[PDB]
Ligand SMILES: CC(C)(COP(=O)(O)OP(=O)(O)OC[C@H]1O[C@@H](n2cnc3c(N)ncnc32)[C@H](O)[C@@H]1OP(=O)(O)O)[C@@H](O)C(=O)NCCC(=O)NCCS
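Take a look at this one chain, the form solved without coenzyme A, written out in structure tokens.
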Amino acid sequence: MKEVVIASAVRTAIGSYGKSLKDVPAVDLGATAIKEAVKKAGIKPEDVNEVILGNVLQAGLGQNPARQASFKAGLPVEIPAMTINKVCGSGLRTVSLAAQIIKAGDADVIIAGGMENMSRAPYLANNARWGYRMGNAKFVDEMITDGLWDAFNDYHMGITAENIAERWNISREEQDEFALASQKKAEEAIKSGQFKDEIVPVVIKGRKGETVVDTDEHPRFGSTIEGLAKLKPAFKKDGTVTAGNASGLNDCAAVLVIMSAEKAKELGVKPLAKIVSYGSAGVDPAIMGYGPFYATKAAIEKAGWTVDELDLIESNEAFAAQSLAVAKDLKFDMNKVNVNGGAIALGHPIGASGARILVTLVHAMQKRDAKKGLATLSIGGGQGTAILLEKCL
């Protein structure tokens, strides 16, 4: 059926929790990204058929956050929009959903991606409507409940990472080493300009004037192995997962224009990459960090490739323990993986994260002249999503 291409790929900088982007709602991050993605694609906003955006922490954001980003971007009100929640997978799944809708014959141009502002998540009173009646209750952190807590096992995602570390014997030192390598690669990438083509600046209009945020602030420049080794376990006693070898709580939007190859040609667009195949898979929730293994194999099976064939891989770093397990099992050449750093350094804005690694992948492919790329990531609740790209000449 129809061939599907990426026309443009843009993201905001990734803000740290409570920091640079704390005053910028997710839908405004999304709007910023959508407007620049349409500009970079060289198409008219009236060319767009649908908007499909990932967002996990929807609480109190108002009706249909994807529609709000679309409106705030200046897209025509006649364009339909919907918000997707697949937890960590959400922003990458909207890209394969776009490809599906285009393959189905129903659209030619779709805005896809994700947006999250974890800094802005509310607290909840679940029984305020009809009453608590008597006794103390929980004032619930919505970011943890909706984003970070396994709904079946009643523990944090971090415990799923410990579960993998324990089953696979991925040691603290192996996790810390992996974290250090991610940090060094992010520092090198930031300072050498690797992210300039993909980052749209966010212009913040405060009281005392305008501020511009255009750089990823989560990396820890000058990280050392001894500094990593001093940290304490974050999730259990004598555990292996720490704040230094797990990603953060972060804010970002990442948006792509997805088109049929035929429409792209008709509109004079020069695509960045072809979407060759994709997949999604479920796993036991207790080992969610493993979901990429099954999503990636299904997708590769469709592509007719092998892992050795891949020139660049983005495999998300929610936790070193999970990235290492997926890497061992799929036998990745680690030199081709997260070549500009990964989420331990860069951050993990949940609803945007999978879109964010895809933006990073397609730019890196364009700059290094790589042919075959893979983007894949784990999903809270025990899933995975993967997309395979082939560069356009």
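One rule holds for the numbers: they count along the sequence shown, beginning at 1.
A second form of this protein, the form solved in complex with coenzyme A, is not displayed here; the remarks below concern that form.
Engineer: Looking in the entry with it bound, is coenzyme A within 4.5 Å of a heavy atom from each of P271, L312 and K336?
Structural biologist: Checked in the entry with it bound: no contact with coenzyme A for any of the three.
Engineer: Quick check for you: of 100-108, 166-174, 221-229, 278-286, which stretch puts a non-hydrogen atom within 4.5 Å of coenzyme A in the entry with it bound?
Structural biologist: Single hit among the candidates: 221-229.
Engineer: Pick from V213, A189, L148, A303: which residue has any heavy atom within 4.5 angstroms of coenzyme A in the entry with it bound?
Structural biologist: The residue from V213, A189, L148, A303 that makes the contact is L148.
Engineer: Just one of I199, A234, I84, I79 has a heavy atom within 4.5 angstroms of coenzyme A in the entry with it bound, so which one?
Structural biologist: The residue in contact is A234.
Engineer: In the entry with it bound, does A261 have a heavy atom within 4.5 Å of coenzyme A?
Structural biologist: Close contact is absent here: in the entry with it bound, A261 is far from coenzyme A, nothing within 4.5 Å, heavy atoms only.
Engineer: Consider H156 of the chain shown here, and say whether it contacts coenzyme A in the entry with it bound, taking contact as heavy atoms within 4.5 Å.
Structural biologist: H156 belongs to the contact set for coenzyme A.
Engineer: Could you tell me if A181 has a non-hydrogen atom within 4.5 Å of coenzyme A in the entry with it bound?
Structural biologist: No, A181 stays farther than 4.5 Å from coenzyme A in the entry with it bound.
Engineer: Heavy atom to heavy atom, is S247 within 4.5 Å of coenzyme A in the entry with it bound?
Structural biologist: Contact check for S247: yes, within 4.5 Å of coenzyme A in the entry with it bound.
Engineer: Relative to coenzyme A in the entry with it bound, which residues of 76-107 have a heavy atom no more than 4.5 Å away?
Structural biologist: Read in sequence order, the lone residue that approaches coenzyme A (within 4.5 Å, in the entry with it bound) is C88.
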